[PDB]
Protein chains: 2
Amino acid sequence: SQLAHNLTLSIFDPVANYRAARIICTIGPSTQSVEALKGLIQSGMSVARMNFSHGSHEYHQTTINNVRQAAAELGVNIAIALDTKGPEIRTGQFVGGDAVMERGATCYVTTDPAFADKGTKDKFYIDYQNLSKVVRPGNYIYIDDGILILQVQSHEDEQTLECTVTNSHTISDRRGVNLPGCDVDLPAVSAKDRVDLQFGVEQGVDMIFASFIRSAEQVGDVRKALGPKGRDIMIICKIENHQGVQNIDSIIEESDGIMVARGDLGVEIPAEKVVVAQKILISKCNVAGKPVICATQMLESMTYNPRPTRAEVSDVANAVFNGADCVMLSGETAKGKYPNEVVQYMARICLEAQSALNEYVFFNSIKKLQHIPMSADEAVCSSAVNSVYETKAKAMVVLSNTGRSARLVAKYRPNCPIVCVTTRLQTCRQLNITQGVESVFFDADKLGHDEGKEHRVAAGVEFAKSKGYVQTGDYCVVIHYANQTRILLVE
Amino acid sequence: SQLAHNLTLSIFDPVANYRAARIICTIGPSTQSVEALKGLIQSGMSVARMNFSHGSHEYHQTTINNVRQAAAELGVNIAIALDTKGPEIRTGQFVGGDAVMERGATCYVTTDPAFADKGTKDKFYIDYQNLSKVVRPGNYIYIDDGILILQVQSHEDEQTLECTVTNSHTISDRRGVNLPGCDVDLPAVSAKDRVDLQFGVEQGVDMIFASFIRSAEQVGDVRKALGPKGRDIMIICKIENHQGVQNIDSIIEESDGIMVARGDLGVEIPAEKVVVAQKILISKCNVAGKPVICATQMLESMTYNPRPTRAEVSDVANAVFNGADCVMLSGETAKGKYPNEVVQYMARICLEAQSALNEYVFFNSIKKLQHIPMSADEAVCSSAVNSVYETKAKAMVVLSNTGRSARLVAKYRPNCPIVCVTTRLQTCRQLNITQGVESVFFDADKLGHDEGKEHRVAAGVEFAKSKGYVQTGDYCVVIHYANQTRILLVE
Ligand SMILES: Nc1ncnc2c1ncn2[C@@H]1O[C@H](COP(=O)(O)OP(=O)(O)OP(=O)(O)O)[C@@H](O)[C@H]1O
Ligand SMILES: Nc1ncnc2c1ncn2[C@@H]1O[C@H](COP(=O)(O)OP(=O)(O)OP(=O)(O)O)[C@@H](O)[C@H]1O
Ligand SMILES: O=C([O-])C(=O)[O-]
Ligand SMILES: O=C([O-])C(=O)[O-]
Ligand SMILES: [K+]
Ligand SMILES: [K+]
Ligand SMILES: [Mg+2]
Ligand SMILES: [Mg+2]
Ligand SMILES: [Mg+2]
Ligand SMILES: [Mg+2]
């Protein structure tokens, strides 16, 4: 039982020689330079997220050009993700890049597209036109992931509302406004996004973090909007509203993965239930084998201090325990004072949680919840991981070009690193979001086709030998769709 | 649980398309002819046992020559086993081939080597010389697997005892006499046996059923006596005395397999404890992977009637449930009136027990009791059977020349037939004692070495296709020591 395994732990227990959980960071003013991006990569960042709710196509271009440059200079594959705007509502900019709203103070929310560029604590912009008709005196307006709340007192015209500010808090530019239960009709796939998405395909982003997904049909609209040029790009659905959670089943089916975007969720649903939701999504992904990302406010206080609170630590670790493939840093790196220290601490908390975990349980639990009869190749991965546990193999080698086989292995949670040998360089970046995998690029255009698998398999084992996973005389399990599995001794 | 699985059963449930348990018969006057031996092979006999406690080397020769002839004419591999005399004590022959001892009647047991050829109900021979010194008035003498008991009244000379016969019963020639607790010193490996064993090596017997094994050292004495010429012959230790059971651990280690010879055991230990012993031996073999045979009086009443009692049925089935690889017929075929009917009924009871069993439990139970870390090749077989269960594969193909890999697979109890492809014809016979395996002879001297494994693997699948195990589009798992495993679709 879980209680029995807790008794066997010790603070002194040596950490694993590899990290499994994958870190994702958000690139902002604090982290756009190559000299900072290199910092994040060495500190533990696997994926760079670009939030398209801020900055121009001119800005994100620079992010892309610098992420890639910092990667090549360090000799690693780092993935780039586009995060769509979606059917959100955003405030407008402010004079001084921010506003300081105080408890008791009164403010003005206009829908005048000329209060976009200028924003006081007294008056600012909200980019939903119909706003005046959606609200009544008494109803709240939530600013910034449910932190700041304004109570509506009255109208002023057919554009502006008088609003009591109920709590003190500083807001910067373009904070998300959230209206709970207001049936707020907004383009399931907005015009701004079709623009944003096609830019992603052209520059060659590795994955799309689709915001505010609510239905299966909605995901199709995204992939259809990506065009035939971007069929290879992954679609990670951000579950952050009431219905998205209720329709999780069918969304997972269409999607390539899930993000528990807790910021918006923690407003749209009663905050205590966010916890239940987390569990549900994560585990449901674990069963399917589609990577899951936990995100938002996990290390919030490290935007200011150099050390997280005991709650914040708890969160990161407990998330890894819940089965999250990926943990993600938002404002913590985008505008934080400690962008390297925040990544290091997360990588370290991840190791600790992962070492004090029993992966063997995860393996059996997942296997139990699989529909017998399994497919040909899924059984192979299953059993080949069952092989790892019985043999205490210190590494695994999988040959997947598309990436499927690699993930399908990681699905069954082995207690060793999974080395994935692929000929396609994109697959290496796209695997930076599935847990406990490392990718090795086998250059097809200068080392030959190798339909004998001989040179590739031995390349993966060399990577294992170099990273110090296996020595001379340790066991390594090798799979290659993949329908053949072998256990070999290493020289 | 076991109780839960019992509720899911039904008398109407269709039987498996293959039998797993292996039948072994004893060749006697009823079954020595080729026209009868063919009968036994078609009725379900896998192995022919020769009991060397009866008949000359001239007699057993004929058995060998006819078993082999009946095999070749039917086109199957049937194994031949030698069953040693051991440190036993046997009565002497009788005028009329038998004696009828009645309750109340008085009899004479002489140790005169001239009452060997003539034997009355009044007087016969017992081939232990020291007998007169081992017994006292009051002590019993057990004749014929503990059926007939004589109470010693007095001496008559320095050769003969006066004995009350306490129960009525007919005994034929050379019934085994058993003396409980009498520390009876007898050559651990007797002179008669070294003669018998060397005859086995010359004619080329497939396995030795070593009688009355009591220690590890004792098994060595057998293999050492077999010489370097018979290193390939298997040594099945017959546990049938007090110490043999107590030293089971170390005996298993040295031996190639165990037989629970219950006849002699049921005298040497308190008959109710035979049941506990059975369980212990069998399960201990199951854990090691060394085949176990259950034997003696399993279908006794079918030496006379054409239908077994409800106890006798119970026994055969319950034995298969206990985990026995092999069930063996002794007097039932050797001198029975229904030698074909007795084999058919056993094959049928075996199917029924085997169909109403959950092999999946056996698989997990055995796997649990394996020392982690497993060997390279043992994990492969383990996981490759784990593959069979998840994929509902209807057959398995293993390439083992020596036979080890084949057995090591059968160790983990899959729910399908195991087709074993071997180049050596002996291995086919020697596999006739491990459960749920069928052997296919791949002729090495007229079909080539085939170090690519291609032609052999496809030969095993053809056997599966011919026996109607797999159709077009079913799953078959293929292993080849064996350190590579594949799951393939069939054409
Ligand atoms: N490209 C950027 N330029 C300027 N500021 C940014 C940028 N990306 C993030 N930020 C700052 O970091 C904060 C949080 O970043 P994050 O990517 O989590 O977006 P968010 O506002 O929380 O919206 P979402 O709900 O999509 O996460 C933003 O409010 C913003 O002030
Ligand atoms: N080759 C044979 N020739 C004649 N009779 C035989 C032969 N084999 C077996 N029998 C008869 O069958 C009976 C039982 O056969 P079985 O092989 O079980 O030997 P057993 O006497 O029970 O000794 P063991 O304890 O070795 O089994 C014998 O008592 C004997 O009468
Ligand atoms: O969209 C998000 O990432 C959130 O709301 O946290
Ligand atoms: O030796 C035997 O086979 C017995 O005693 O049953
Ligand atoms: K967004
Ligand atoms: K014997
Ligand atoms: Mg959002
Ligand atoms: Mg956020
Ligand atoms: Mg015996
Ligand atoms: Mg017997």
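Summary of computed values
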{"read-out": "Whole-number percent relative contact order across segment A:105-169, with pairs defined as alpha carbons under 8 Å at least 6 apart", "value": "34"}
{"read-out": "Size of electric dipole in segment A:87-187: Cβ of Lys, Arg +1 and of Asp, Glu -1, about Cα centre, debye, nearest 20", "value": "200"}
{"read-out": "Test item: A:481-488 mean partner chain Cβ contacts at 10 Å", "value": "5"}
{"read-out": "Segment B:313-405: GluC sites (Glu not before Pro) in DSSP loop, at most 14 other beta carbons within 10 Å", "value": "none"}
{"read-out": "For segment B:322-369 versus segment A:148-190, the gap between their alpha-carbon centres in whole angstrom", "value": "78"}
{"read-out": "Fraction of the pair-distance distribution of segment A:87-187 above 21 Å, Cα-Cα pairs, percent", "value": "22"}
{"read-out": "Rough spin-label spacing in nm, given labels placed 7 Å along Cα→Cβ, for B:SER365 and A:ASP443", "value": "5.8"}
{"read-out": "Separation between Cα centres of segment B:432-491 and segment A:474-491, rounded to whole Å", "value": "21"}
{"read-out": "Per-residue average of Cβ from other chains inside 10 Å of B:469-479", "value": "1"}
{"read-out": "Cross-link reach list, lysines versus A:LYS368, counting only Cα pairs under 16 Å and skipping chain neighbours closer than eight places", "value": "A:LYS284, A:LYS411, B:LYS392"}
{"read-out": "In segment A:1-65, the chymotrypsin sites (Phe, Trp or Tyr not before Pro) that fall in loop regions by DSSP, at most 10 other Cβ within 10 Å", "value": "A:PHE12"}
{"read-out": "Footprinting exposure proxy for A:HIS60, A:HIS242 (fewest neighbouring C-beta atoms within 10 Å first)", "value": "A:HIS242, A:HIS60"}
{"read-out": "Average partner coverage of A:363-374, which counts Cβ from other chains inside 10 Å", "value": "2"}
{"read-out": "Under 18 Å from B:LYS38, Cα to Cα: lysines that are on another chain or at least 8 residues apart", "value": "B:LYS335, B:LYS337"}
{"read-out": "FRET E, pair B:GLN243, B:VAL195, Förster distance 22 Å, beta-carbon r, rounded to 0.05", "value": "0.30"}
{"read-out": "Nearest-first distances (nm) between copies at B:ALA444, label 7 Å from Cα via Cβ", "value": "4.2"}
{"read-out": "Vicinal HN-Hα couplings computed from phi for segment A:459-470 (Karplus, 6.51 cos²θ - 1.76 cosθ + 1.60; Hz; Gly/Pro x)", "value": "6, x, 5, 5, 4, 4, 4, 6, 6, x, 9, 10"}
{"read-out": "From phi via Karplus (6.51, -1.76, 1.60), per-residue ³J(HN,Hα) for segment B:416-425 in Hz, x at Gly/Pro", "value": "10, x, 9, 8, 10, 9, 10, 7, 9, 5"}
{"read-out": "Under 5 Å, built H, 5+ apart or other chain: amide partners of B:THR296", "value": "B:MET328, B:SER330"}
{"read-out": "Kirkwood Rh and Cα Rg combined as Rg over Rh, evaluated for the protein assembly as shown", "value": "1.16"}
{"read-out": "Order of B:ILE258, B:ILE269, A:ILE24 under a 10 Å beta carbon neighbour criterion, fewest first", "value": "B:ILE269, A:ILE24, B:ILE258"}
{"read-out": "Along principal axes, Cα extents of chain A, largest first, whole Å", "value": "78, 53, 46"}
{"read-out": "FRET efficiency for A:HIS57 and A:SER215, using Cβ-Cβ distance with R0 set to 35 Å, rounded to 0.05", "value": "0.80"}
{"read-out": "Set of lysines with alpha-carbon distance to B:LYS394 below 17 Å, sequence-local pairs under 8 removed", "value": "B:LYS465, B:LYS467"}
{"read-out": "Whole-Hz couplings from phi, Karplus 6.51/-1.76/1.60, listed for segment B:148-157; x for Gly and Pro", "value": "9, 10, 10, 9, 6, 8, 5, 7, 10, 8"}
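Just so you know, all these numbers are worked out from the coordinates, no wet-lab data involved. Here Cβ is always computed from backbone atoms with ideal geometry, including for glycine, and neighbour counts include all displayed protein chains.
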